[PDB]
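Below is one structure; the comments refer to it alone.
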Protein chains: 6
Amino acid sequence: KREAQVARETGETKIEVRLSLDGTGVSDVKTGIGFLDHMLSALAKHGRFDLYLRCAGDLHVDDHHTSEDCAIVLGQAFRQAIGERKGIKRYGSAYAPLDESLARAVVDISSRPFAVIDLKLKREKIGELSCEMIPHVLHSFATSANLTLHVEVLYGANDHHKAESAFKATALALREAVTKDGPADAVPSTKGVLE
Amino acid sequence: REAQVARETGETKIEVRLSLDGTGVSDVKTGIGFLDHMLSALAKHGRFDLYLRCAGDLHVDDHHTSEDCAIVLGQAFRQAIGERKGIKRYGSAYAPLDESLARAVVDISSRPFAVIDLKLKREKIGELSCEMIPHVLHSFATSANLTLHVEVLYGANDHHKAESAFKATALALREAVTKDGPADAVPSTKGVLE
Amino acid sequence: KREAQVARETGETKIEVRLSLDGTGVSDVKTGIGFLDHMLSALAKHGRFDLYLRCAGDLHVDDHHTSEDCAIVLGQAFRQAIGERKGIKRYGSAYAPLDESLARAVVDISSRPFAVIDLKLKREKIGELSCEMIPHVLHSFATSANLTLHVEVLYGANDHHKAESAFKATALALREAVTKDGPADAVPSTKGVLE
Amino acid sequence: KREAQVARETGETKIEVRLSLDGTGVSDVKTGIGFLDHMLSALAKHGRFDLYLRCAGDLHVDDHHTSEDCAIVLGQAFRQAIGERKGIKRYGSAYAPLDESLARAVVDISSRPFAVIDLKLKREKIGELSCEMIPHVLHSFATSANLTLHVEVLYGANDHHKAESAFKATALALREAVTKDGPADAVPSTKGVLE
Amino acid sequence: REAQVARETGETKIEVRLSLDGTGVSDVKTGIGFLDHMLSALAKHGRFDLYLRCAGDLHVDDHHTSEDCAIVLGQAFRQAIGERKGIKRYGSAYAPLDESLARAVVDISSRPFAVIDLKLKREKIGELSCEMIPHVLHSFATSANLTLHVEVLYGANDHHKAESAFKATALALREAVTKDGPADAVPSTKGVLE
Amino acid sequence: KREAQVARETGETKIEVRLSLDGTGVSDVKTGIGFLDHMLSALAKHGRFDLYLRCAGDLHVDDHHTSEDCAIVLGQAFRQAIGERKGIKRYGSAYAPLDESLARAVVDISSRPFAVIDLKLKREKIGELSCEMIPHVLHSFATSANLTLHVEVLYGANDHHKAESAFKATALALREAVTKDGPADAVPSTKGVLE
Ligand SMILES: O=P(O)(O)C[C@H](O)Cn1cncn1
Ligand SMILES: O=P(O)(O)C[C@H](O)Cn1cncn1
Ligand SMILES: O=P(O)(O)C[C@H](O)Cn1cncn1
Ligand SMILES: O=P(O)(O)C[C@H](O)Cn1cncn1
Ligand SMILES: O=P(O)(O)C[C@H](O)Cn1cncn1
Ligand SMILES: O=P(O)(O)C[C@H](O)Cn1cncn1
Ligand SMILES: [Mg+2]
Ligand SMILES: [Mn+2]
Ligand SMILES: [Mn+2]
Ligand SMILES: [Mn+2]
Ligand SMILES: [Mn+2]
Ligand SMILES: [Mn+2]
Ligand SMILES: [Mn+2]
Ligand SMILES: [Mn+2]
Ligand SMILES: [Mn+2]
Ligand SMILES: [Mn+2]
Ligand SMILES: [Mn+2]
Ligand SMILES: [Mn+2]
Ligand SMILES: [Mn+2]
């Protein structure tokens, strides 16, 4: 019932996403970048979202337009799947480790696009995904989802652990934030409106 | 789980009605608009129902009003919980507002204590002095007879910092007073929460 | 009910534990060290675990082999009680204070033994339990339980408050992580296996 | 005969290892990552182990799951091959240089999984093996082998020399630790048990 | 290669029997359990057989007991070696215990000397004062008439540090006293090891 | 028998060396510099080498050409005495103290000439051997022996003790490295060649 399909095409990328918020965690993601597929796969699995994604992008240039545009379209789908912002918890937070790494994510379904991202990534790339694109993906996702997202890797020593723990924490926090809670028609805001 | 408290001194005359198992509605008139907004947010995100009126000595400053509102609110919270059994006891939450992020942690401990760190930079937000904001939280915690930790981890806008703090506090309080497990269990290894 | 009984003996210690994860918080714990007893009693109480433990140890040497071996056996019991790692939340986190002290624990039922522990204890002992054994207990528990455990005392000033807040937080995080959630046969991992 | 065959399958990797502790140094290792194959070949050669390894892994993501899971299975095979922990030296240590680099490894067949690893690598990758995975390999090996491993690169200027000197030292130290020494049934522990 | 030594003062009364070519068995009763554990580890990992009893002045503190036990143990070790010929002379080893790592280096030199650095942080381990731990190793080396270097390179648990140090010492002593090469050869360019 | 003789003459020095690797520690060394004789005598004794050496050198200039050329000739002799690099341990390491001084030596019979030497000598001369010539002797030995040598004085306070502990440690490491071990035809390298 809470789902969305979004298609988007530019000169750089051509993307389709299908998203169900009330899923079982199944993913079929092919961005053209394996490590990004793994991160979005983790996001779906731990968020209990169902996610289908295809991207034909300009990887001959670099991984940037693909990664950013996948995040944009994912964010748009999440926004649409949420629907009217009523009857939900609105706020979610979670910690997820991976071995020595620990990450925290905090989500506010605010209708104010904003993100604060600090992943402490040390390397240049994880597989074929540039580390600089990893915060960019979370920022672009948050702004297109029209929500407020804070993600911090508190510490760690392995960048795959850092990134993955961040996606896992993000997934758990998003899941909590969009959970139905209390009266179905209550807007969870003192101003009575979440656009 | 509702309580009504009335309290009058030479500085302030206050009435509060608080229900723990509400829908978030509030009617809060402290005399200070920003404080009203903070307690409205507390009620909204705690799913508490809160009525509050204060006739206070604002011609002096905002201090006695804000503190006493916190004192009476805390007394009402303590009373509304009633016997400290069958509840989660511990709650914690994060709430942002844009660039600011706050955490609140609550222990329904019967030991009044607060650790508050809001990183507010300004002198006032509207007519509420920034120094009164941690004082409100501390006074609330002590009169509620509980342990409260509130940290603004970072931010750049004092309205965002303060409001994120009240939202996080609301969420943690809601969790801590949630009924969970056997109704008669005291959630303490010492068997007593006074 | 998810329960386990474990008996272990070496030349240093002879220990028996019985643990139920789906308990009411009852404990009957006698390790030979009162403060360790109190910490394990707080663990069971706030975890809603039921815990029986006896240790006949070598306290004439010091508190080390007793404390460590109690953690090993408790960890083994926890691992065995969880049984097949399916149908559970897998991730838990919690904060617990005690007056001026605040602790955070994060749990990942990962089948990867790992612990990151930072308790900020200033004393040599609390009662008859050496402070250096308190992180060792958490690390040994985590590794024998085959899970990932992160425990941090953020701040405080009383070592009994710090240690107890740590065990309380740990309890609450373990309780969340082992809570049944979603389809009973789902393995909460993108790799489909948690051994 | 001190030998083992171990197989392991997840959604990320499918691996088989065959190992003899009392070998001549022969290796047939194909992880999918040439530099890792070279390190493991070195380990077998200088440890006088015989090692066969095959991994079908998710290298399209990155080198992490392959490398980690190869180390996990290798460690498990080591644990099994040692068998009952009696009649062996238990402790091993060795230094190995490669030109300007010098490494030390220390092994304790302890039945307590722990590793302390400090390789001082400066690069992002050596061949297709990410440098961050090299400590992760040694740590995962040690924990799966249920032993205590300390490896330090003391100094050096070339990461291939640093990593290779570390595997060489590890090989020599492991060879020493599992060498039969003294009465066949003596347990090398004051507590009389090494599980 | 066995020796028996008995020593009595107004502080302590000690008997030791030590065999170098043992299986690692021990019966050590110093009156201090953690010291017993360390000397048991020493015997076990050195493949020495060690008997020790001490009736000491533990009402004062652990010092005279611990020191005199090390003194007598060292004297026994010196005597058990006998004429310093046909041995390796030099020994070294590392031993960890979990996060801690120690190194010991032995030279059967007939020059009493020790360099000890265990990085212990606590005041006591059980009833053995941490400051007595290096003193034990030093007093052992001087009475054994040898050169001993023991370093805890790093660690975080003092029982692990001390225990790793005794294990490494044991392994190094075992190597140093191992028979190797012609039985009459003195392992010194000066042709004498007194 | 693993023995060699080398005779070498330049306008600066005239040297004859005879070396046996499988000796009893006997030496007869006359370099012209007593302290250097004492160091090479210690090396022979603790390596269980037999060594004869005579140098007629330009001591009226300084100790340099003598000390370096003795090291060169000795290294050449060591290389010839080893012969085919097969059937040996290849790697050796050792610590030797002398009173307050402690030194570590590590040897790799690598066929790659390289030395890393750090003796921490404070004086100008020990007897008639200039302190700067002591690391020069070790480096020139290693490079002429065609092997990798690392020697460190970890600490100390007496330069005779530091130097002598260094030569003792070197001797012990060299003895271990050239010890016969395993099949006599095996080449102890993954590349199958030690030239
Ligand atoms: O978070 P909201 O939109 O529910 C209500 C806030 O009062 C709005 N706000 C935005 N900046 C400061 N306050
Ligand atoms: O948190 P409680 O009151 O349930 C039990 C604690 O053991 C009491 N305590 C308070 N300071 C130290 N311990
Ligand atoms: O957390 P898991 O085992 O469910 C899946 C991870 O992808 C495995 N992993 C372990 N290190 C890096 N990734
Ligand atoms: O190393 P072991 O297990 O042979 C004997 C040790 O006494 C056990 N131990 C583990 N931590 C402190 N001691
Ligand atoms: O180690 P030794 O006694 O075999 C021979 C040394 O040369 C003696 N010495 C002691 N200080 C300096 N040299
Ligand atoms: O140490 P070797 O020559 O047995 C084999 C090495 O792989 C060769 N090498 C030299 N530099 C890097 N590797
Ligand atoms: Mg010749
Ligand atoms: Mn961009
Ligand atoms: Mn992964
Ligand atoms: Mn006041
Ligand atoms: Mn506002
Ligand atoms: Mn221990
Ligand atoms: Mn307590
Ligand atoms: Mn990993
Ligand atoms: Mn190489
Ligand atoms: Mn003394
Ligand atoms: Mn011990
Ligand atoms: Mn020169
Ligand atoms: Mn000398």
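Only the coordinates and a few stated rules stand behind these numbers; no lab work does. As a convention, Cβ positions derive from the backbone with ideal geometry for all residues, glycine included, and neighbour counts pool all protein chains shown.
Observations on the model:
- Shielding score for D:99-112, defined as the mean number of other chain Cβ atoms within 10 Å: 5
- Once C-alpha pairs closer than 8 Å and six or more residues apart are averaged by separation and normalised to the residue number of chain B, the relative contact order reads 26 percent.
- Taking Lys and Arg as +1 and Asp and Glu as -1, the other residues whose beta-carbon sits under 9 Å from that of B:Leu52 total 0.
- Oblate is the label for chain B. Its Cα gyration tensor axes, ordered a ≥ b ≥ c, give a/c of at least 1.5 and b/c at or above a/b.
- Mean separation of Cα contacts under 8 Å (6+ apart) over length of chain A, as relative contact order %: 26 percent
- Beta-bridge orientation, region A:1-89: approximately 80 percent antiparallel, per DSSP, counting only bridges with both partners inside.
- Annotation for F:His64 and A:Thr179: the two label points, set 7 Å from Cα along the Cα-Cβ direction, are 7.9 nm apart.
- A simple packing score, the average count of other Cβ atoms within 10 Å per residue, orders the peptides A:160-167, A:89-96 as A:160-167, A:89-96, with the highest score first.
- Overall form of region B:65-174 per C-alpha gyration tensor (a/c, 1.5; a/b vs b/c): oblate
- For chain A, the longest principal axis of the C-alpha atoms and the axis of helix A:34-47 are separated by about 20°.
- Projected label points at B:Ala183 and D:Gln80, each 7 Å from Cα along the beta carbon direction, are separated by 5.6 nanometres.
- Tensor-based shape of chain F (alpha-carbon gyration tensor, a/c under 1.5 rounded, otherwise prolate or oblate): oblate
- Antiparallel bridge percentage (DSSP; both residues within region A:90-195; nearest 5): 75 percent
- Shielding of peptide D:135-141 by partners, expressed as the average count of other chain Cβ atoms within 10 Å per residue Cβ, is 2.
- Remark: for residue pairs F:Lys14/F:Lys89; A:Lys168/B:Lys179; E:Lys88/F:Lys86; B:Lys44/B:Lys124; D:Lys122/D:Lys168, the C-alpha separation exceeds 31 Å in F:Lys14/F:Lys89.
- Averaged over D:2-11, number of beta-carbon atoms from partner chains that fall within 10 Å: 2
- Straight-distance candidates among the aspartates and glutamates for linking to C:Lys1, with alpha-carbon spacing under 14 Å and chain neighbours fewer than 8 residues away dropped: C:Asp22, C:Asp50, C:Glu84.
- Ranking B:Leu128, B:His64, B:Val5 by how far each Cα lies toward the positive end of the dipole of chain B (charges on Cβ) leaves B:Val5 at the top.
- Each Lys and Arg Cβ is given +1 and each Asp and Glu Cβ -1; about its Cα centre, chain D then shows a dipole of about 720 debye.
- Region A:23-80 and region F:58-124 have Cα centres lying 60 Å from one another.
- Rounded to the nearest 10 degrees, the angle from helix C:159-177 to the longest Cα principal axis of chain C is 10 degrees.
- Computed over neighbours whose Cβ is under 14 Å from that of E:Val150, the net charge equals -1, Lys and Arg +1, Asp and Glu -1.
- Candidates A:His139, A:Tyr95, A:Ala186 compared by Cα position along the dipole of region A:90-195: farthest toward the positive end lies A:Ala186, with charges placed on Cβ.
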